[PDB]
Amino acid sequence: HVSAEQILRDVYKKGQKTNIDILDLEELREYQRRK
Amino acid sequence: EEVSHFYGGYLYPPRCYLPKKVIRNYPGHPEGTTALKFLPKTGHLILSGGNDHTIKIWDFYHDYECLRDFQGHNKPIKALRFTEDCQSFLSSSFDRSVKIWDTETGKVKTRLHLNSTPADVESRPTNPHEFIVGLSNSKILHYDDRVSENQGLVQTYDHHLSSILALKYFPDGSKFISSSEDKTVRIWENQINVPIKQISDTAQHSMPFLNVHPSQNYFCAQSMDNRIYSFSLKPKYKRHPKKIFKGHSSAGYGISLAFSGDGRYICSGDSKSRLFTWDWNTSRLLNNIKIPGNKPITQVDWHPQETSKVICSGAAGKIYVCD
Amino acid sequence: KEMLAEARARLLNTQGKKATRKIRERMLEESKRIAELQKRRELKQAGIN
Amino acid sequence: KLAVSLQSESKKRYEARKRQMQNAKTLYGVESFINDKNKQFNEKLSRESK
RNA sequence: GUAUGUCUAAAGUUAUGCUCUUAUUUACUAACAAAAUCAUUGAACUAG
RNA sequence: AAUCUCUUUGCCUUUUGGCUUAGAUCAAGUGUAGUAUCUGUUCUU
C-alpha cells in the first residue's frame, strides 16, 4: 500500500542527486582570486 | 607560399579485442601533436598535425615511414578531416585559414582566409565538395567548393551563442551535429539554418568532442565532467540513460574518443597520459593503458579494420600504437 | 499514478526562482572557466603564453 | 613535536567526526524528510524528546 | 509585451530485472495561430 | 604503563535568518510545437 512515509522516501531519493587541477602559477592566481 | 615533400599512389589499399600495450611509436610532431586520423575504410595511412605547423602522412604498415609532408600553415594545426573518397583532406589552423589538400600530390585545392579561428572542420559523407567550418566566433559556415560566388559560402548557421567546439556529420550526410562552448548540442539539416534538435540540461557540461557509433544508432560526446554521454540518432535524439562511460580525466582538454571497428568497444584519451577503453554494452571500464611521455593524450583513434590496433598522441609529440 | 508523480515532484521543491537560477548560473560559470583554461593550455603548449 | 601533536590531534578529531557523520547519514527511524538538512533537523527535533 | 541581465570570441603583439525501436498517456511552456451557423463589422488593439 | 573497536554521557558540529490585508487572488482552453513522462513489444543484460 502507498503511505505518506513511502511517498516522502521516494521524494528524498528523487532529490538526492568535475575535479579541475592547477597546472601553474597563473591558474593558481586565478583560483585564489576567485576564492 | 605552401611547400610539400615526398619520401616514398599510396592511397590504393596495399570481432574486435581489447588493446593491452603500446607496440610501437612514430616521431610525430616535436612541439606536440594536435590532430590524428586514420585513413577512412582501410586505415593503411595516418594523417597527423601538430604545433610545428606541419601535416604528415605516415604508413601504418611496412616500414612505418612518413610518406608525405605538407607545409602550408604559419601556426599550429587545429583540425584535420578526410573526405569520403580519401582523395582530399581538410586542414584548419590558428592562422585563421582552412586549406583543402590533395592527399596524393599535396597541392592545395582551396584556401579560405577566415576572420575567426576554425575550431573544427567537417566534410559531407555523400558529397566531397561540401564542407562545414565551426568558428570561435560561434558561427558555422557551409561551403561548396564548386560555387565561385562568395567563395562558395552557401550557408551560415548562427544559433550557437559561443565558440563552436566540435562538428560531426550523420553517416548519411543528411544531418550534422554541433557542440559549442555555450553548453548546448544542436542537430542541423544540411544547408538549412534551423536546428532540428537542441540538447541541453542543467547538469550537462559543454562537450568538446563528438563521434558516431559504428551502428549509426547513437552518437557519443566527451563532456567536461570527465564522462562520456550517448544520444540516440533517431528523431527526438534522447540521451541514453545507462550508456555512460566513466573513469578517465579530460576536464580542460579537448580529448577525442573513438569506437572499435565492430562497435563492440569505445575508447578515449586521458589527461594523465593514459588510454581508457570500455565495453559498449555495459559501459564497464576494461582497460587503461599507460602511454609514454607523461603528457596529456588528446588524440585517440581506432583502426577501421584491425581487431585491436589503436593510435594515440598528444603534447608529448610522438605518436603511439596500442594493441 | 500521475497524481502521485505530480505530488512527489511538488513535494520535492524547496528553492525559489532566484536560487535555482543561481544554481544553473554557477554551473555555466564553471563550464566557461574550464573552456577558458582549455584554450589557454592549448596556447601555452604551442609556446604562446 | 608540538606542531605534530596538534596536527595529529586535529586529524584524529576530524576523522572521528567524519565517521559520526556517515553513521548519522545512514541511520533510519526518524520522521520523514525530503533532503539531508531536513533529516538533520528532524533528528535535532527528536533529541528534544529525551 | 516589458523591466532588466548577460554575450559580442585577433593583434592596438611588452624582451625569458536493466535498456532500445516506436504508438500513446499526463504535466508544464509558447505576444506562435484571423479557426464555417447560432453585400460580408473582435481586429493591430492588453503588461508588474 | 601505550594502541584498536564498541556502548553510554557530553558536544549538534551543512541541525528552518524579518514585516502586511493567513500580503492578495487564481487553478474551465482549441490546434500545432517544445520538454519531461507512462503502458506495451522486441532488444540489451
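Residue numbers start from 1 in every chain, and the chains themselves are labelled A, B, ... in the order their sequence lines are given, proteins ahead of strands. Just the heavy atoms: all of them, side chains too, but no hydrogens, waters or symmetry mates, feed the values below.
When heavy atoms are screened at a 4.0 angstrom cut-off, C:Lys22 is found touching no nucleic acid atom at all. No contact: B:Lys139 has no heavy atom under 4.0 Å from any strand. At the heavy-atom level, B:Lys243 lies nowhere under 4.0 Å from the strands shown. Among the atoms of the strands shown, base atoms are found under 4.0 Å from some heavy atom of D:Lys37. Within 4.0 Å of B:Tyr218, counting heavy atoms only, lie sugar-phosphate atoms of the nucleic acid but no base atom. Note on B:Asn281: only backbone sugar-phosphate atoms sit closer than 4.0 angstrom, heavy atoms only; bases stay farther off. Within 4.0 Å of B:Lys75, counting heavy atoms only, lies at least one base atom of the nucleic acid.
Distance CZ (B:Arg239) to P (F:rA36): 8 Å, rounded to an integer number of Å. Separating the CD1 atom of B:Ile164 from the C1' atom of E:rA9 is a distance of 11 Å, rounded to the nearest angstrom. As a whole-Å value, the separation of B:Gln198 CD from F:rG34 P is 12 Å. What separates NZ of C:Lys17 from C1' of E:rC28 is a distance of 11 Å, to the nearest Å. Atom CD1 in B:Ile196 sits roughly 11 Å away from atom P in F:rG34 (whole-Å rounding). If you take CG of C:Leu12 and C1' of F:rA36, they are 15 Å apart, rounded to a whole angstrom. One interatomic measurement links the two molecules: NZ of C:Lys44 to P of E:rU16, which rounds to 17 Å at whole-angstrom precision. For B:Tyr237 and E:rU22, the OH to P distance is 10 Å, given to the nearest whole Å.
Phosphate proximity of F:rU35 to B:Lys197: present, with a side-chain N or O under 4.0 Å from OP1 or OP2. OP1 and OP2 of F:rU14 both lie 4.0 Å or more from every side-chain N or O belonging to D:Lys39. Phosphate contact (OP1/OP2 of F:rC4, side-chain N/O of D:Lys12, threshold under 4.0 Å): present. Residue B:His240 has a polar side-chain atom (N or O) positioned under 4.0 Å from OP1 or OP2 of E:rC20. Regarding contacts with the backbone of F:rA36, a side-chain N or O of B:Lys238 is found under 4.0 angstrom from either OP1 or OP2. Within the 4.0 Å cut-off from OP1 or OP2 of E:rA9, not a single side-chain nitrogen or oxygen of C:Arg40 is found.
D:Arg47 and D:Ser49 share no donor-acceptor pair across their side chains, judged by distance under 3.5 Å alone.
At F:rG23 the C1'-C2'-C3'-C4' dihedral is positive, so the sugar adopts a north, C3'-endo-type conformation. Regarding nucleotide E:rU14, the torsion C1'-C2'-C3'-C4' is less than zero, so its sugar is described as south. F:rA27 has a positive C1'-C2'-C3'-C4' torsion, placing its sugar in the north range. Judged by the sign of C1'-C2'-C3'-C4', the furanose ring of E:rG12 adopts a south, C2'-endo-like conformation. Pucker check on F:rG18: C1'-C2'-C3'-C4' positive, sugar north.
Between D:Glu43 and D:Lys25, none of the side-chain N atoms (NZ, or NE/NH1/NH2) sits under 4.0 Å from a carboxylate O, so this pair counts as no salt bridge. Remark: C:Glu30 does not engage C:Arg26 in a salt bridge, criterion side-chain N to carboxylate O under 4.0 Å.
Across F:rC38, E:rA10, F:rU14, the shortest atom-to-atom separation from the side chain of B:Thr117 is found for E:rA10. Closest approach to the B:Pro241 side chain among E:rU19, F:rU15, E:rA9 is made by E:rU19 (side chain taken as heavy atoms from C-beta onward). For B:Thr282, the listed nucleotide lying nearest its side chain is F:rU45; candidates were F:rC4, F:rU45, E:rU21. Residue B:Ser136 has its side chain nearest to E:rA9 when only F:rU9, E:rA9, E:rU21 are considered. Of the listed nucleotides (E:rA9, F:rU15, F:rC6), F:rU15 has the atom at the smallest distance from the side chain of D:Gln40.
Here the separation of F:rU16 from F:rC11, taken at their P atoms, is 16 Å to the nearest Å. Rounded to whole Å, the P atom of F:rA22 lies 24 Å from the corresponding atom of F:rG17. Between F:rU45 and E:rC20, the two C1' atoms lie 12 Å apart (nearest whole Å). Here, E:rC38 and E:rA43 have their P atoms 15 Å apart, quoted to the whole Å. E:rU37 sits 49 Å from F:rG23 when the P atoms are compared, rounded to a whole Å. With P as the reference atom, F:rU15 and E:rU46 are 50 Å apart, rounded to whole Å. Distance check on atom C1': E:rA36 versus F:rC26 gives 34 Å, rounded to whole Å. For the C1' atom pair drawn from F:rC38 and E:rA23, the interatomic distance equals 12 Å after rounding to whole Å.
Adjacent in the strand, E:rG12 and E:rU13 do not form a stacked pair, their six-membered rings missing the 5.5 Å centre or the 30 degree orientation threshold. With the rule of ring centres under 5.5 Å apart and planes tilted under 30°, the neighbouring bases F:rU20 and F:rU21 are not scored as stacked. Judged by ring-centre distance under 5.5 Å and interplanar angle under 30°, strand neighbours E:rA23 and E:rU24 are stacked. Remark: F:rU14 and F:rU15 are not stacked on each other (six-membered ring centres under 5.5 Å, interplanar angle under 30° not both met). Remark: E:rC45 and E:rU46 are not stacked on each other (six-membered ring centres under 5.5 Å, interplanar angle under 30° not both met).
In D:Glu31, the CD atom is not crowded: 12 or fewer heavy atoms of neighbouring residues, nucleotides or ligands sit closer than 6.0 Å. Around NZ of B:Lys197, the count of heavy atoms belonging to other residues, nucleotides or ligands within 6.0 Å exceeds 12. Under a cut-off of 6.0 angstrom, the local environment of CD in B:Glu149 is sparse, with at most 12 non-hydrogen atoms contributed by other residues, nucleotides or ligands.
No donor-acceptor distance shorter than 3.5 angstrom exists from the side chain of B:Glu2 to the backbone of B:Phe70, with no hydrogens or angles considered. A donor-acceptor pair under 3.5 Å is absent between the side-chain atoms of B:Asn226 and the main chain of A:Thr18, judged by distance alone. With hydrogens and angles ignored, the 3.5 Å screen pairs a side-chain donor or acceptor of B:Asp120 with a backbone N or O of B:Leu167. With B:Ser116 contributing its side chain and B:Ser136 its backbone, the two residues share a donor-acceptor pair below 3.5 Å.
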So what is the 5' to 3' dot-bracket string for RNA chain F, if pairs are Watson-Crick or G-U wobble with both distances under 3.5 Å, crossing pairs use [ ] and | means the partner sits on another strand?
.............................|||||||..||.....

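At a cut-off of 3.5 angstrom, counting only N and O atoms as typed in the model, there is a donor on one side and an acceptor on the other between the side-chain of D:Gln20 and the base of F:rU13.
Base orientation of E:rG12: anti (glycosidic angle beyond 90° from 0).
Between B:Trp280 and B:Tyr265, the gap from one ring centroid to the other reaches at least 6.0 Å.
When the nearest nucleotides of RNA chain E are assigned to B:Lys242 and B:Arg96 by heavy-atom distance, the more 5′-ward of the two goes with B:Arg96. Two residues, B:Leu233 and C:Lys32, neighbour RNA chain E, and the one matched to the more 5' nucleotide by heavy-atom proximity is C:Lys32.
By the 30° and 60° cut-offs, the orientation of the rings of B:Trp188 relative to B:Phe176 is parallel.
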